[PDB]
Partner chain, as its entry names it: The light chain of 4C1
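One chain follows as structure tokens, the form deposited without the partner chain.
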């Protein structure tokens, strides 16, 4: 009866940091994914299940729309079978992922002069995430034998680091906003 609310998740005013990525559930709606496809404003529109053009031609039980900010350098890791700080400790797609990964510059919005330190990523982790896991804990990383006692110092590290997003950054070091649509009754087109 009414359109899927994709402007809420794509056009939203702020995005999550990748370690605490947001996920929007989407049911009881109908939308064409071609207000998306023919936008021509996307740096990545890497799809896995289906072809991007023929997408509003099909129905699924549920669809999720995950959204975060990473470095464009790093959009490489938002795809099944990747490894790296981000695919391992921040956001991991499963090997049998069916959906699309969408990205675009954000240097206008998410870049502050002198550095927008709001956006973070998980740098330390004893073992890397399972598919679609979210770990927002902030306990001091124990790299030594000495216990950390919650105090940051040598071999006792804060697991999150802050992007120094600056407008003068090369495009690899620029903010990119990313939306991951995954598909598995109630969505159609």
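Positions refer to the first chain, counted from 1. The term rigid core refers to the most C-alpha atoms you can superpose between the two forms while keeping them within 1.5 Å.
- Between stretches 117 to 125 and 38 to 46, greater average Cα displacement in 4 other deposited structures of this protein relative to the shown form, fitted by the core, falls on 38 to 46.
- In 4 other deposited structures of this protein, superposed on the rigid core, the segment with the larger root-mean-square CA displacement between 129 to 137 and 51 to 59 is 51 to 59.
- Per the record, residue 184 and residue 185 are separated by 4 to 9 deposited residues that are missing from the model.
- Mean C-alpha B-factor is higher over 50 to 58 than over the other stretch, the pair under comparison being 129 to 137 and 50 to 58.
- Remark: stretch with higher mean C-alpha B factor among 70 to 78 and 107 to 115 is 107 to 115.
- Ranking 124, 45, 154, 163 by the C-alpha B-factor listed in the PDB entry places 154 at the top.
- Sort the modelled residues of the chain by CA B factor and residue 174 lands in the lowest third.
- Remark: residue 63 belongs to the middle third of its chain, ranked by C-alpha B-factor as recorded.
- The deposited CA B-factor of residue 24 belongs to the middle third of values across its chain.
Keep in mind that the form deposited with the partner chain bound is not shown, yet the notes after this line are about it.
- Contact residues in stretch 20 to 41 (any heavy atom within 4.5 Å of the partner chain, taken in the bound PDB entry) are 22, 23, 24, 25, 26, 27, 28.
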